[PDB]
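Residue-level structure breakdown
Take a look at the letters that make up each chain.
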Amino acid sequence: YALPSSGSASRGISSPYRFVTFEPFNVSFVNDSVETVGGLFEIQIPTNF
Amino acid sequence: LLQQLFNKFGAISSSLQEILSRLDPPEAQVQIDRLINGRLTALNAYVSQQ
Amino acid sequence: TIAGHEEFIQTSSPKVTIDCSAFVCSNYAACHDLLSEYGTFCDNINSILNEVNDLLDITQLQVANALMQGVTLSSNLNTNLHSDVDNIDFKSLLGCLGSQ
Amino acid sequence: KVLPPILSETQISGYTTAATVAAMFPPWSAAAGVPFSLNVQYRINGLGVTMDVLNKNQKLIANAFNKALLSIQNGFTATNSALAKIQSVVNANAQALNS
Amino acid sequence: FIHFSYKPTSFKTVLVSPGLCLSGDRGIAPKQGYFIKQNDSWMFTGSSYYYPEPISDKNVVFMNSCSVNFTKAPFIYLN
Ligand SMILES: *[C@@H]1O[C@H](CO)[C@@H](O)[C@H](O)[C@H]1NC(C)=O
Ligand SMILES: *[C@@H]1O[C@H](CO)[C@@H](O)[C@H](O)[C@H]1NC(C)=O
Ligand SMILES: *[C@@H]1O[C@H](CO)[C@@H](O)[C@H](O)[C@H]1NC(C)=O
Ligand SMILES: *[C@@H]1O[C@H](CO)[C@@H](O)[C@H](O)[C@H]1NC(C)=O
């Protein structure tokens, strides 16, 4: 449920109910490679905690 | 569970005093037995849930 | 050598709902008037089956949460290209994943 | 009536796909930090096996790994106990609703 | 119940090796960490924090063979 608010004041004929996809869980993604680059793999190591 | 003491269960009243003060004693047991069966069925269902 | 064997564990069941008065007194108003003095008998049946279906939903979300706690993936993965490591075959275990 | 569950079965397919691929590629999370056959060697090492022969019989170990997986795949034939345990669930539900 | 947990707040991308094949057909693997390359020296870092350090015999496990995809280190007979 999300009504058209006063700033987002709509001028048409639409319902405030929206039928969406329920997706409760994810994976975090990294921008790295899956194969070894020059014998060495890429990895992400914390540097503060 | 408390709201089951005001159901009729097929009898003419849920009050035992009105059944015992408006009918003949051989004609009252038939109405009292319906209340007894309904209340015991309610208690058995509660005990199963617990 | 290395021996393999599988087990199965069941974690849910079908979610049965019952409309109580349509099972007891399907369409006839004499039956509905007679059933309306048993009172909260259909409401208890509905509430018990509703709480059972709630428990089924909670266990399904817990199984889905446990498989996903702390898994970080490469955003350049592609199961059509990467289904194999160290000459051990993972084609039969993976579904679809990647970006296409 | 029988209501559908709140998640699809393709969503739980995606969750088992992610948990299987988490132990095959960097950063090897379900493999617990280290690469896959590294982790297999460390596992067989902790039972009483020398790391020499695990470095020496590596492709035989991986061949037996593939063979075990394939025989698992080709064994859903009328006497699998897992299939009996799946069919018991369905037959039990159908019998209760018909009765 | 109150549960306390480790939680990173910043990351850095590094290149790691999981093991070294040393001179005389020996091998070393790290313990709870990775072999990195700092200033053209093989170093060891922990796997939950970035801190390179000397490769001692408290950061490694020794093997009298080596696996076929270890990284080559002839200069390493170090501490
Ligand atoms: C992934 O799902 C998580 C669930 O907590 C949500 O917080 C996050 O916004 C989602 N990310 C994307 C990219 O959809
Ligand atoms: C990060 O991702 C973007 C696109 O998502 C890509 O163009 C870029 O090369 C990536 N960076 C690295 C270091 O791989
Ligand atoms: C970690 O972050 C906090 C706040 O951002 C900062 O005060 C602290 O110095 C950081 N640690 C290091 C080692 O830089
Ligand atoms: C060793 O690494 C090479 C190159 O990355 C690869 O082709 C090969 O499959 C690997 N073998 C093993 C046993 O890890």
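- Structure determination for this PDB entry is given in the record as cryo-EM, at a resolution of 2.7 Å.

What about the overall build of chain B?
- From N to C terminus, chain B includes two helices and zero strands.
- Dimensions of chain B, computed from C-alpha atoms along their principal axes, come out at roughly 40 × 15 × 15 Å.
- For chain B, restricting intrachain contacts to residue pairs at least 6 apart in sequence, the fraction spanning at least 24 positions comes to 43%.
- Split by element, the accessible area of chain B, about 3,800 Å² in all, is 54% carbon and sulfur.
- Taken together, the 4 basic and 4 acidic charged side chains of chain B have centroids lying 9 Å from each other.

Some words on the interface of chain C and chain D
- On the chain D side, the residues contacting the 39 residues of chain C number 41 residues.
- Of the roughly 3,600 Å² buried where chain C meets chain D, counting both sides, 73% is carbon and sulfur surface.
- Among the residues chain C hides against chain D, the three largest losses belong to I2(C), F8(C) and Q60(C). Together they make up 17% of the total.
- Here chain C is connected to chain D by zero salt bridges.
- Inspection of the chain C/chain D interface yields four residue pairs in polar contact.

Some thoughts on helix 4 (residues 58-73) of chain D
Residue and element names in this part refer to chain D.
- In this model helix 4 runs 23 Å from its N-terminal to its C-terminal C-alpha over 16 residues, within 8% of the 22 Å that 1.5 Å per residue would give.
- Those residues of helix 4 that fall on the buried side of the exposure criterion are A62, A64 and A68. Looking down the long axis of helix 4, one finds its buried residues gathered within 160 degrees of arc, a one-sided arrangement.

Overview of the sheet that holds strand 7 (residues 71-73) of chain E
Residue and element names in this part refer to chain E.
- Read across the sheet, four strands follow the order 6-3-2-7 without closing on themselves; strand pairing throughout is mixed. The sheet is open, and its two borders are formed by strand 6 (60-63) and strand 7, each paired with just one other strand. The average angle at which neighbouring strand axes cross in this sheet is 30 degrees, direction not considered.
- Two strands pair when backbone bridges link them, and strand 2 (residues 20-22) and strand 3 (residues 26-30) are joined in this way by three bridges, in the antiparallel orientation. The residue bridging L22 from the neighbouring strand is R26, located in strand 3.

A closer look at the pairing of strand 4 (residues 33-38) of chain E
All names here are of chain E.
- Relative to strand 5 (residues 41-46), strand 4 runs antiparallel, the two being bridged by six bridges. Opposite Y34, over in strand 5, you have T45 as the bridge partner.
- Hairpin remark: strand 4 followed by strand 5, antiparallel, with two residues in the connecting loop; positive phi at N39, about 55 degrees.

Some thoughts on the nonpolar core
- Grouped together as the largest cluster of nonpolar side chains are 22 residues, with contacts concentrated most on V27(A), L73(C), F90(C), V21(D), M24(D) and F25(D).
- Within the residue set of this core, elements represented by two or more residues are helix 1 (9-21) and helix 2 (36-45) of chain D.
- Broken down by element, the residue count for this core peaks at four residues, all from helix 1 of chain D.
- Those residues in contact with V27(A), other than ones at most four positions away along the chain, are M68(C), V71(C), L73(C) and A18(D).

Digging into the arrangement of the chains
- Most contacts, compared over the six pairs of chains touching, are made between chains C and D.
- One finds no contact linking chain B with chain D; the least C-alpha distance across the pair is 19 Å.

Focus on the state of the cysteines
Residue and element names in this part refer to chain C.
- Enumeration over the complete set of coordinates arrives at three disulfides over all chains.
- The side chain of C20 participates in a disulfide bridge whose partner is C42; the two sulfur atoms lie 2.0 Å from each other. What sets the handedness of the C20 and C42 disulfide is the S-S torsion sign, and at about -65 degrees it is left-handed. Of this pair, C20 sits in helix 1 (residues 20-24) while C42 sits in helix 3 (residues 42-66), placing them 22 residues apart in sequence. Each member of the pair, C20 together with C42, is buried.

What counts and how
Residues numbered from 1 in each chain as written, not as in the entry; some residues may be left out. Chains lettered and ligands numbered in written order. Part of a larger assembly, values for the part shown. Heavy atoms only, no water. Helix = DSSP H or I, 4+ residues; strand = E, 2+ residues; numbered from the N terminus. Contact = heavy atoms within 4.5 Å. Areas by Shrake-Rupley, 256 points an atom, 1.4 Å probe, with all protein chains shown as cover. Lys, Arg positive; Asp, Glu negative; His and termini not counted. Charge placed at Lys NZ, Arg CZ, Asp CG, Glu CD. Buried area = accessible area lost by both parts, 1.4 Å probe. Salt bridge = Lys/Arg side-chain N within 4 Å of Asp/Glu carboxyl O. Polar contact = N/O pair within 3.5 Å; in protein donor to acceptor, adjacent residues only side chain to side chain. Expected span 1.5 Å × (residues − 1). Buried < 20%, exposed > 50% of the residue type's maximum accessible area, 1.4 Å probe, protein only. Arc of directions from axis to C-beta. Pairing = 2+ DSSP bridges. Axes fitted to C-alpha atoms, helices over the stretch in contact; angles between N-to-C directions. Core = buried A, V, L, I, M, F, W, Y, C linked by side-chain atoms within 4.5 Å. Disulfide = S-S within 2.5 Å.

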